[PDB]
>>> print(open('coords.txt').read())   # compact mmCIF, C-alpha atoms
# COMPACT_ATOMS: atom_id res chain seq x y z
CA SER J 82 -3.82 -5.24 -20.07
CA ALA J 83 -5.38 -5.17 -23.52
CA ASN J 84 -8.79 -6.33 -22.29
CA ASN J 85 -10.26 -4.33 -19.43
CA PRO J 86 -13.57 -6.04 -18.53
CA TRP J 87 -15.33 -2.70 -18.02
CA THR J 88 -14.41 -0.87 -21.23
CA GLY J 89 -17.35 -0.69 -23.64
CA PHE J 90 -19.92 -1.84 -21.06
CA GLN J 91 -22.50 -0.11 -18.90
CA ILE J 92 -22.59 -1.41 -15.32
CA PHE J 93 -25.94 -2.70 -14.10
CA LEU J 94 -26.86 -0.79 -10.94
CA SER J 95 -27.94 -2.99 -8.04
CA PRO J 96 -31.69 -2.52 -7.48
CA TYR J 97 -31.24 -4.01 -4.00
CA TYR J 98 -28.66 -1.40 -2.98
CA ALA J 99 -30.79 1.14 -4.83
CA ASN J 100 -33.78 0.19 -2.68
CA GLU J 101 -31.69 0.36 0.50
CA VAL J 102 -30.37 3.78 -0.50
CA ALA J 103 -33.79 5.15 -1.46
CA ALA J 104 -35.29 4.11 1.87
CA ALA J 105 -32.25 5.52 3.67
CA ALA J 106 -32.33 8.87 1.88
CA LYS J 107 -35.99 9.47 2.80
CA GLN J 108 -35.00 9.36 6.48
CA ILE J 109 -32.21 11.93 6.15
CA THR J 110 -33.70 15.27 7.20
CA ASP J 111 -31.39 17.91 5.72
CA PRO J 112 -32.72 18.28 2.14
CA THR J 113 -29.29 18.83 0.60
CA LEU J 114 -27.78 15.81 2.36
CA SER J 115 -30.84 13.71 1.49
CA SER J 116 -30.42 14.47 -2.21
CA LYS J 117 -26.72 13.59 -2.08
CA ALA J 118 -27.66 10.34 -0.32
CA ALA J 119 -30.26 9.45 -2.96
CA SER J 120 -27.66 9.93 -5.70
CA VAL J 121 -25.59 7.08 -4.24
CA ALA J 122 -28.09 4.72 -5.94
CA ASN J 123 -26.51 5.78 -9.24
CA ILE J 124 -23.04 4.59 -8.16
CA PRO J 125 -22.26 0.98 -9.18
CA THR J 126 -21.66 -1.57 -6.43
CA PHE J 127 -21.10 -5.32 -6.23
CA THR J 128 -23.91 -7.76 -5.34
CA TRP J 129 -22.84 -10.19 -2.65
CA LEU J 130 -23.90 -13.79 -3.22
CA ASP J 131 -23.37 -14.54 0.46
CA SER J 132 -25.85 -17.46 0.52
CA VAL J 133 -27.79 -19.74 -1.83
CA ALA J 134 -30.73 -17.53 -0.87
CA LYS J 135 -29.13 -14.74 -2.98
CA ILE J 136 -28.99 -16.76 -6.22
CA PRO J 137 -32.55 -16.01 -7.40
CA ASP J 138 -31.68 -12.31 -7.08
CA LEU J 139 -28.70 -12.90 -9.37
CA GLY J 140 -31.00 -14.38 -12.00
CA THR J 141 -33.26 -11.34 -11.86
CA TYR J 142 -30.29 -8.97 -12.24
CA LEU J 143 -28.92 -10.84 -15.27
CA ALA J 144 -32.30 -10.77 -17.04
CA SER J 145 -32.90 -7.13 -16.13
CA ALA J 146 -29.45 -6.16 -17.39
CA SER J 147 -30.08 -8.01 -20.65
CA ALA J 148 -33.32 -6.10 -21.22
CA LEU J 149 -31.80 -2.75 -20.21
CA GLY J 150 -28.98 -3.22 -22.70
CA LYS J 151 -31.45 -3.88 -25.50
CA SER J 152 -33.53 -0.84 -24.48
CA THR J 153 -30.51 1.51 -24.46
CA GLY J 154 -28.23 0.05 -27.15
CA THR J 155 -25.61 -0.92 -24.56
CA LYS J 156 -23.75 -4.02 -23.44
CA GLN J 157 -24.41 -4.52 -19.73
CA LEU J 158 -22.15 -5.80 -16.96
CA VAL J 159 -23.24 -7.34 -13.64
CA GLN J 160 -20.87 -7.21 -10.65
CA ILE J 161 -20.97 -10.06 -8.11
CA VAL J 162 -19.10 -11.36 -5.08
CA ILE J 163 -18.76 -15.11 -4.58
CA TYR J 164 -18.82 -15.36 -0.76
CA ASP J 165 -20.07 -18.65 0.66
CA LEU J 166 -17.11 -20.88 1.55
CA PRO J 167 -17.63 -23.61 4.13
CA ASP J 168 -16.11 -22.57 7.47
CA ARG J 169 -16.15 -19.04 6.06
CA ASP J 170 -13.93 -16.36 7.60
CA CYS J 171 -11.77 -18.87 9.44
CA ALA J 172 -9.76 -16.32 11.47
CA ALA J 173 -12.75 -14.27 12.56
CA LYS J 174 -14.36 -14.52 15.96
CA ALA J 175 -17.59 -16.53 15.76
CA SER J 176 -18.60 -18.55 12.72
CA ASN J 177 -20.84 -17.21 9.99
CA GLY J 178 -22.14 -18.41 6.68
CA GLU J 179 -24.40 -21.32 5.96
CA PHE J 180 -21.92 -24.09 5.08
CA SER J 181 -19.57 -26.07 7.30
CA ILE J 182 -16.75 -28.43 6.40
CA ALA J 183 -18.09 -31.00 8.85
CA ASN J 184 -21.48 -31.10 7.06
CA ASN J 185 -20.51 -31.78 3.43
CA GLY J 186 -19.56 -28.11 3.14
CA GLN J 187 -17.44 -28.45 0.01
CA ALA J 188 -20.09 -30.48 -1.83
CA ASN J 189 -22.74 -27.93 -0.81
CA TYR J 190 -20.46 -25.13 -2.01
CA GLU J 191 -19.98 -26.75 -5.38
CA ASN J 192 -23.77 -26.99 -5.74
CA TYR J 193 -23.94 -23.26 -4.88
CA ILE J 194 -21.46 -22.59 -7.70
CA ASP J 195 -23.44 -24.85 -10.03
CA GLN J 196 -26.61 -22.86 -9.34
CA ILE J 197 -24.78 -19.60 -10.08
CA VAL J 198 -23.32 -21.00 -13.30
CA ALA J 199 -26.77 -22.24 -14.35
CA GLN J 200 -28.10 -18.68 -14.06
CA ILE J 201 -25.16 -17.02 -15.84
CA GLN J 202 -25.30 -19.57 -18.70
CA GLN J 203 -28.82 -18.39 -19.60
CA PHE J 204 -27.79 -14.76 -20.28
CA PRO J 205 -24.78 -14.82 -22.64
CA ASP J 206 -25.31 -11.21 -23.74
CA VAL J 207 -24.55 -9.95 -20.19
CA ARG J 208 -20.96 -9.71 -18.98
CA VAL J 209 -20.22 -10.74 -15.39
CA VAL J 210 -17.32 -9.67 -13.19
CA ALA J 211 -16.86 -11.66 -9.98
CA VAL J 212 -14.74 -11.07 -6.89
CA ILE J 213 -13.81 -14.53 -5.60
CA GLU J 214 -14.20 -15.14 -1.85
CA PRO J 215 -13.15 -12.19 0.31
CA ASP J 216 -11.41 -13.18 3.54
CA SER J 217 -10.37 -16.64 2.28
CA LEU J 218 -7.03 -17.23 0.53
CA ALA J 219 -5.37 -14.35 2.38
CA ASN J 220 -5.84 -16.38 5.59
CA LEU J 221 -3.84 -19.21 4.02
CA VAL J 222 -0.87 -16.86 3.70
CA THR J 223 -0.64 -15.40 7.20
CA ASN J 224 -3.10 -17.30 9.40
CA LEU J 225 -2.24 -21.00 9.16
CA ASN J 226 -1.53 -20.87 12.91
CA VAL J 227 -5.27 -20.27 13.37
CA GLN J 228 -6.46 -23.85 13.73
CA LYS J 229 -9.79 -23.22 12.01
CA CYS J 230 -7.82 -21.88 9.02
CA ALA J 231 -5.34 -24.76 9.04
CA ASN J 232 -8.25 -27.20 9.10
CA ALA J 233 -10.04 -25.27 6.33
CA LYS J 234 -7.02 -24.92 4.02
CA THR J 235 -7.74 -27.84 1.70
CA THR J 236 -11.45 -26.93 1.54
CA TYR J 237 -10.80 -23.26 0.75
CA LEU J 238 -8.39 -24.25 -2.02
CA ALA J 239 -10.73 -26.87 -3.47
CA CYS J 240 -13.76 -24.59 -3.36
CA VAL J 241 -11.99 -21.57 -4.84
CA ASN J 242 -10.63 -23.84 -7.56
CA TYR J 243 -14.12 -25.16 -8.32
CA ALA J 244 -15.46 -21.60 -8.54
CA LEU J 245 -12.68 -20.40 -10.85
CA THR J 246 -12.86 -23.48 -13.06
CA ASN J 247 -16.62 -23.50 -13.48
CA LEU J 248 -17.28 -19.77 -13.70
CA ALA J 249 -14.62 -19.63 -16.44
CA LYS J 250 -16.75 -22.04 -18.49
CA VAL J 251 -19.41 -19.33 -18.73
CA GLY J 252 -16.93 -16.53 -19.45
CA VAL J 253 -17.00 -14.73 -16.09
CA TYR J 254 -14.13 -12.28 -15.55
CA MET J 255 -12.68 -13.01 -12.13
CA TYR J 256 -10.53 -11.25 -9.53
CA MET J 257 -9.53 -13.35 -6.53
CA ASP J 258 -9.65 -11.54 -3.22
CA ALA J 259 -6.15 -10.64 -2.05
CA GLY J 260 -6.64 -8.79 1.22
CA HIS J 261 -5.11 -5.32 1.44
CA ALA J 262 -1.80 -3.55 1.97
CA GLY J 263 -1.89 -4.14 5.73
CA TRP J 264 -2.54 -7.85 5.31
CA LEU J 265 -0.60 -9.21 2.31
CA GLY J 266 1.26 -6.01 1.40
CA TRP J 267 3.84 -6.32 4.17
CA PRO J 268 7.03 -6.97 2.15
CA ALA J 269 7.58 -10.31 3.87
CA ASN J 270 4.08 -11.51 2.91
CA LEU J 271 4.36 -10.58 -0.78
CA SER J 272 6.22 -13.66 -2.00
CA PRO J 273 4.17 -16.19 0.04
CA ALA J 274 1.05 -14.49 -1.33
CA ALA J 275 2.33 -14.62 -4.91
CA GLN J 276 3.19 -18.30 -4.51
CA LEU J 277 -0.29 -19.16 -3.24
CA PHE J 278 -2.21 -17.14 -5.84
CA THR J 279 -0.07 -18.58 -8.63
CA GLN J 280 -0.72 -22.14 -7.43
CA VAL J 281 -4.45 -21.39 -7.38
CA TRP J 282 -4.29 -19.90 -10.89
CA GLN J 283 -2.35 -22.96 -12.12
CA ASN J 284 -4.80 -25.43 -10.60
CA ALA J 285 -7.67 -23.64 -12.36
CA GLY J 286 -5.92 -24.05 -15.71
CA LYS J 287 -4.49 -20.52 -16.04
CA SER J 288 -7.77 -19.46 -17.65
CA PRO J 289 -7.54 -15.99 -19.27
CA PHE J 290 -10.81 -15.16 -17.47
CA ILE J 291 -8.82 -15.22 -14.21
CA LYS J 292 -7.73 -11.63 -14.64
CA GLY J 293 -6.04 -11.04 -11.31
CA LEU J 294 -6.78 -9.87 -7.79
CA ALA J 295 -9.16 -7.63 -5.84
CA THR J 296 -7.80 -5.59 -2.95
CA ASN J 297 -9.17 -3.55 -0.05
CA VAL J 298 -12.55 -5.33 -0.28
CA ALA J 299 -14.71 -4.17 2.62
CA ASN J 300 -11.74 -2.23 3.96
CA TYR J 301 -10.75 1.43 4.29
CA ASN J 302 -7.20 1.87 2.99
CA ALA J 303 -6.22 4.65 0.62
CA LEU J 304 -5.38 3.77 -2.94
CA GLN J 305 -2.81 6.62 -2.96
CA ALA J 306 -2.35 8.16 0.49
CA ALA J 307 -1.16 11.74 0.84
CA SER J 308 0.90 10.61 3.86
CA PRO J 309 1.06 7.25 5.64
CA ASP J 310 -1.71 6.48 8.09
CA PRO J 311 -0.10 5.95 11.53
CA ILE J 312 -1.59 2.45 11.65
CA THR J 313 0.87 1.46 8.90
CA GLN J 314 4.14 1.95 10.82
CA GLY J 315 6.68 -0.68 9.88
CA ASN J 316 5.14 -1.38 6.46
CA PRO J 317 6.56 0.62 3.52
CA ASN J 318 3.48 -0.45 1.54
CA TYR J 319 1.13 1.89 3.38
CA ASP J 320 -1.56 2.12 0.69
CA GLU J 321 -3.02 -0.07 -2.02
CA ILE J 322 -0.93 1.32 -4.87
CA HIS J 323 2.29 0.45 -3.03
CA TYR J 324 0.98 -3.06 -2.33
CA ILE J 325 -0.11 -3.65 -5.93
CA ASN J 326 3.10 -2.18 -7.38
CA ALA J 327 5.08 -4.60 -5.20
CA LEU J 328 2.96 -7.73 -5.76
CA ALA J 329 2.23 -7.54 -9.50
CA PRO J 330 5.79 -8.27 -10.76
CA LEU J 331 5.92 -11.45 -8.69
CA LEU J 332 2.81 -12.73 -10.45
CA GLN J 333 4.19 -11.58 -13.83
CA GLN J 334 7.34 -13.66 -13.33
CA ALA J 335 5.13 -16.73 -12.82
CA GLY J 336 3.57 -16.18 -16.26
CA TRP J 337 0.42 -14.45 -14.98
CA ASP J 338 0.33 -10.79 -16.04
CA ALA J 339 -2.32 -10.11 -13.43
CA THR J 340 -4.40 -6.96 -13.16
CA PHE J 341 -6.24 -5.60 -10.15
CA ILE J 342 -9.38 -3.94 -8.88
CA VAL J 343 -9.45 -1.88 -5.68
CA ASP J 344 -12.41 -1.21 -3.39
CA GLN J 345 -12.63 2.48 -2.44
CA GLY J 346 -16.26 2.53 -1.30
CA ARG J 347 -15.35 3.36 2.32
CA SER J 348 -11.95 4.99 1.75
CA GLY J 349 -12.91 8.68 1.62
CA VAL J 350 -11.62 9.31 5.16
CA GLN J 351 -8.13 8.17 6.17
CA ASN J 352 -6.55 8.07 9.64
CA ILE J 353 -9.68 6.77 11.39
CA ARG J 354 -8.39 3.51 12.88
CA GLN J 355 -6.55 2.77 16.08
CA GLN J 356 -5.02 -0.45 14.68
CA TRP J 357 -4.73 -1.53 11.05
CA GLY J 358 -6.56 -4.80 11.64
CA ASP J 359 -9.73 -3.07 12.91
CA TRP J 360 -12.29 -3.76 10.20
CA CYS J 361 -15.82 -3.59 11.64
CA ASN J 362 -18.01 -0.50 11.03
CA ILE J 363 -15.10 1.91 11.40
CA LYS J 364 -16.43 5.18 12.79
CA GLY J 365 -16.24 8.25 10.57
CA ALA J 366 -15.71 6.42 7.30
CA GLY J 367 -16.75 8.28 4.18
CA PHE J 368 -17.58 7.19 0.67
CA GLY J 369 -14.40 7.29 -1.41
CA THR J 370 -13.40 7.64 -5.05
CA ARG J 371 -16.26 6.66 -7.35
CA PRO J 372 -15.76 3.55 -9.52
CA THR J 373 -13.70 4.30 -12.61
CA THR J 374 -11.23 2.72 -15.00
CA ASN J 375 -9.16 5.93 -14.65
CA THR J 376 -7.06 4.27 -11.98
CA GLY J 377 -3.63 5.90 -12.15
CA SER J 378 -1.83 2.57 -12.50
CA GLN J 379 -0.81 0.14 -15.22
CA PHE J 380 -1.83 -2.70 -12.93
CA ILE J 381 -5.34 -1.54 -11.98
CA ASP J 382 -8.32 -2.15 -14.26
CA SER J 383 -10.82 -0.35 -12.04
CA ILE J 384 -11.50 1.39 -8.79
CA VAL J 385 -14.70 -0.31 -7.58
CA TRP J 386 -17.21 -0.25 -4.72
CA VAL J 387 -17.30 -3.87 -3.61
CA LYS J 388 -18.63 -3.62 -0.06
CA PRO J 389 -21.86 -1.55 -0.26
CA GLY J 390 -21.46 1.24 2.26
CA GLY J 391 -24.35 1.33 4.73
CA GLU J 392 -24.68 -2.45 4.98
CA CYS J 393 -23.39 -3.40 8.41
CA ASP J 394 -20.19 -5.38 8.93
CA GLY J 395 -21.44 -7.03 12.11
CA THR J 396 -23.33 -6.49 15.35
CA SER J 397 -21.90 -4.82 18.43
CA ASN J 398 -24.30 -6.82 20.63
CA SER J 399 -22.23 -9.33 22.57
CA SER J 400 -25.29 -11.53 23.17
CA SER J 401 -25.67 -12.34 19.47
CA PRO J 402 -24.44 -15.77 18.33
CA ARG J 403 -22.78 -13.92 15.44
CA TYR J 404 -20.96 -11.46 17.70
CA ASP J 405 -17.37 -10.59 16.79
CA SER J 406 -15.68 -8.43 19.45
CA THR J 407 -13.95 -6.42 16.71
CA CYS J 408 -17.39 -4.85 16.25
CA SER J 409 -17.26 -3.31 19.78
CA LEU J 410 -13.80 -1.64 19.62
CA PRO J 411 -13.43 2.09 20.40
CA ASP J 412 -13.21 2.77 16.65
CA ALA J 413 -16.30 0.75 15.69
CA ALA J 414 -19.60 2.62 15.33
CA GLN J 415 -22.00 1.41 18.03
CA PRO J 416 -24.65 0.24 18.53
CA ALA J 417 -24.49 -1.70 15.26
CA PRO J 418 -27.03 -4.21 13.87
CA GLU J 419 -26.42 -7.67 12.40
CA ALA J 420 -24.03 -8.12 9.48
CA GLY J 421 -25.48 -7.22 6.09
CA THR J 422 -28.47 -5.36 7.50
CA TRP J 423 -28.85 -1.64 6.99
CA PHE J 424 -27.00 0.69 9.39
CA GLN J 425 -28.72 4.02 8.80
CA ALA J 426 -26.55 6.29 10.97
CA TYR J 427 -23.41 4.82 9.39
CA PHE J 428 -24.77 5.45 5.90
CA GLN J 429 -25.63 9.05 6.72
CA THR J 430 -22.06 9.65 7.89
CA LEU J 431 -20.65 7.93 4.78
CA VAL J 432 -22.63 10.49 2.77
CA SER J 433 -21.68 13.47 4.93
CA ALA J 434 -17.99 12.51 4.95
CA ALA J 435 -17.76 11.52 1.27
CA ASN J 436 -14.47 12.46 -0.36
CA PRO J 437 -14.66 13.53 -3.12
CA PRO J 438 -17.93 15.14 -1.99
CA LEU J 439 -21.13 13.84 -3.51
>>> encode(input="coords.txt", output="C-alpha cells")
Amino acid sequence: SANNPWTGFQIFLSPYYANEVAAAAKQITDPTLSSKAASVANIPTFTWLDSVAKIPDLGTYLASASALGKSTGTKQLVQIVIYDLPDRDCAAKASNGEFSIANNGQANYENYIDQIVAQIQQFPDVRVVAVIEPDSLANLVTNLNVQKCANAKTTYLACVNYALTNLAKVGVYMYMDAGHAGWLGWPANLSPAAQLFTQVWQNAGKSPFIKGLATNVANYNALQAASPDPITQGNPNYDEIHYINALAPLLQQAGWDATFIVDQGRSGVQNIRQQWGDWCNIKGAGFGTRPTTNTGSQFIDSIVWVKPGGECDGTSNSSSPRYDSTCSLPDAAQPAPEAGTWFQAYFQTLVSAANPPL
C-alpha cells in the first residue's frame, strides 16, 4: 500500500527482551556464540501486553521512545501485541490469561484496552503498531465445534471490536492475528476466514488504521519455502506467501485492500515438526529472517519478530495447572518452564541454528 507503517521510523528496541537477552548471553560459554547471542538485543521484537500487569511497561516504552527520537532526530515506533481476551486461547488445553467470560471478562477487557489507550494518548509523537489477539479469531473460523470457542465467540468478537475501535482513536496501526498457512491457509478455510475478518473490519468502522492481518505469530512456518515441509501434505498453501497470496484478493473484493505482516522469529529451521499443529517449544528452531520491509510481496508490509524467541511457550510439567500436553510432544523441547519465562537452552539453540546466521 502507499502507507507502510514502518517506513521513515526507527523501531524502539524492547528493553525487556534486551535484558533477557543480555542475561542469557552471559551464560553462553563459547565466546563467538555469546557475542552472536548478545547481538539479538539489537533485533526489534514485539512487546506482549498479555496482562494488565504489562501496561505500566508500555507507558515506559512510549516515553523512552519519545525521548530517544528527540535525542537522535528520528521518529520512533513501538511494537505491541494485544493479548488478554477473556477465555483466552479457547481451543488450547488448560485455561490461561487473567480474564474469564463468567467473571465480567468482557468488561474487564475493555478496561484493559482503556488503560492502554490512556497511555498511548499521552505520547502522540510515537507511532504504535499492534498485533490484535493471537489465537483468537482464527478459532472462530475452524474451531466452533470446540465448546469453549463456541461459548466465547460473541465475547471474542465484541472484545476485538472494542480494541480495534478504541485503538484507532489514538492512531494505532493494527494487524489482526490471522493464524498461519496450516490453520487458515487451507484453500477451504480461506473464504470463511475472509468473511469473518471482513465482518470484524466492518463492525470497527473500516478504519484506515486497520491495515490488515498478521500471520505465523509464535509459529515456525517458512515465508517462502524451498520445498514443502512434509507436515503440509494436502495443503497447496505450504508457506506463508502462498497463504497470503490466496487470502488477500478475497479481502480486496470486500473493499479492504489489506496488507500483512509475517512473524519469522522462529522460522530459520524448517522441517522440524512431526505434525503441523505442534506449536509448543519446537525443538531445533532457529532465529529466522530479520525484520525488514523488504518482504518480496506486494501484500506484505514487513517481516517481523512477534513472538520473542527464548521466551517459553508453555511448561512440559504435567503437574502444573497451566499444563498443555502439546508442550510434552516428541518434538517439544523438554523440560520446559512456564509460559513466558526464559528458556535458556532453547534460546541458545535459536542462536546456534539461526538462518541467516547471526
>>> closest_residue(input="coords.txt", among="J:273, J:125, J:96, J:178", to="residue 373 in chain J", atoms="all atoms listed in the file")
J:125
>>> closest_atom_pairs(input="coords.txt", of="range 314-384 of chain J", to="range 203-222 of chain J", cutoff="12 Å", atoms="all atoms listed in the file", output="tab-separated table")
residue	atom	partner	partner_atom	distance
J:341	CA	J:212	CA	10.6
J:342	CA	J:212	CA	9.1
J:343	CA	J:212	CA	10.7
J:344	CA	J:212	CA	10.7
J:360	CA	J:216	CA	11.6
J:382	CA	J:210	CA	11.8
J:383	CA	J:210	CA	11.4
>>> axis_aligned_box(input="coords.txt", around="range 214-228 of chain J", padding_each_side="5 Å", output="JSON")
{"center_x": -7.4, "center_y": -18.0, "center_z": 5.9, "size_x": 23.6, "size_y": 21.7, "size_z": 25.6}
>>> residues_around(input="coords.txt", residues="residue 310 in chain J", least_positions_apart="5", cutoff="9 Å", atoms="only C-alpha atoms", output="number ranges by chain")
J: 302-303, 319-320, 351-354
>>> residues_around(input="coords.txt", residues="residue 327 in chain J", least_positions_apart="6", cutoff="12 Å", atoms="all atoms listed in the file", output="JSON, numbers by chain")
{"J": [262, 265, 266, 267, 268, 269, 270, 271, 272, 274, 275, 317, 318, 319, 320, 321, 333, 380]}
>>> residues_around(input="coords.txt", residues="residue 338 in chain J", least_positions_apart="6", cutoff="10 Å", atoms="only C-alpha atoms", output="list in words")
residues 82, 289, 292, 293, 329, 330, 331, 332 and 380 of chain J
>>> atom_distance(input="coords.txt", atom1="CA of residue 232 in chain J", atom2="CA of residue 301 in chain J")
29.1 Å
>>> closest_residue(input="coords.txt", among="J:160, J:177, J:308, J:223", to="residue 420 in chain J", atoms="all atoms listed in the file")
J:177
>>> closest_residue(input="coords.txt", among="J:307, J:408, J:312, J:432", to="residue 366 in chain J", atoms="all atoms listed in the file")
J:432
>>> atom_distance(input="coords.txt", atom1="CA of residue 405 in chain J", atom2="CA of residue 314 in chain J")
25.6 Å
>>> atom_distance(input="coords.txt", atom1="CA of residue 428 in chain J", atom2="CA of residue 346 in chain J")
11.5 Å
>>> residues_around(input="coords.txt", residues="residue 188 in chain J", least_positions_apart="4", cutoff="12 Å", atoms="only C-alpha atoms", output="list in words")
residues 166, 167, 180, 181, 182, 183, 184, 192, 193, 194, 195, 236, 239, 240 and 243 of chain J
>>> residues_near_point(input="coords.txt", point="(-2.0, -1.6, 8.0)", cutoff="6 Å", atoms="all atoms listed in the file", output="list in words")
residues 263, 312, 313 and 357 of chain J
>>> closest_residue(input="coords.txt", among="J:92, J:201, J:393, J:255", to="residue 241 in chain J", atoms="all atoms listed in the file")
J:255
>>> closest_residue(input="coords.txt", among="J:103, J:186, J:200, J:162", to="residue 144 in chain J", atoms="only C-alpha atoms")
J:200
>>> residues_around(input="coords.txt", residues="residue 146 in chain J", least_positions_apart="3", cutoff="9 Å", atoms="only C-alpha atoms", output="PDB file with C-alpha atoms, in the frame of the given file")
ATOM      1  CA  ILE J  92     -22.590  -1.410 -15.320  1.00  0.00           C
ATOM      2  CA  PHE J  93     -25.940  -2.700 -14.100  1.00  0.00           C
ATOM      3  CA  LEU J  94     -26.860  -0.790 -10.940  1.00  0.00           C
ATOM      4  CA  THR J 141     -33.260 -11.340 -11.860  1.00  0.00           C
ATOM      5  CA  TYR J 142     -30.290  -8.970 -12.240  1.00  0.00           C
ATOM      6  CA  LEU J 143     -28.920 -10.840 -15.270  1.00  0.00           C
ATOM      7  CA  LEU J 149     -31.800  -2.750 -20.210  1.00  0.00           C
ATOM      8  CA  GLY J 150     -28.980  -3.220 -22.700  1.00  0.00           C
ATOM      9  CA  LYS J 151     -31.450  -3.880 -25.500  1.00  0.00           C
ATOM     10  CA  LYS J 156     -23.750  -4.020 -23.440  1.00  0.00           C
ATOM     11  CA  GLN J 157     -24.410  -4.520 -19.730  1.00  0.00           C
ATOM     12  CA  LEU J 158     -22.150  -5.800 -16.960  1.00  0.00           C
ATOM     13  CA  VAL J 159     -23.240  -7.340 -13.640  1.00  0.00           C
ATOM     14  CA  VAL J 207     -24.550  -9.950 -20.190  1.00  0.00           C
TER      15      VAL J 207
END
>>> closest_residue(input="coords.txt", among="J:276, J:369, J:90, J:323", to="residue 155 in chain J", atoms="only C-alpha atoms")
J:90
>>> residues_near_point(input="coords.txt", point="(-22.9, -2.2, 8.3)", cutoff="7 Å", atoms="all atoms listed in the file", output="list in words")
residues 362, 391, 392, 393, 394, 395, 420, 421, 422, 423 and 424 of chain J
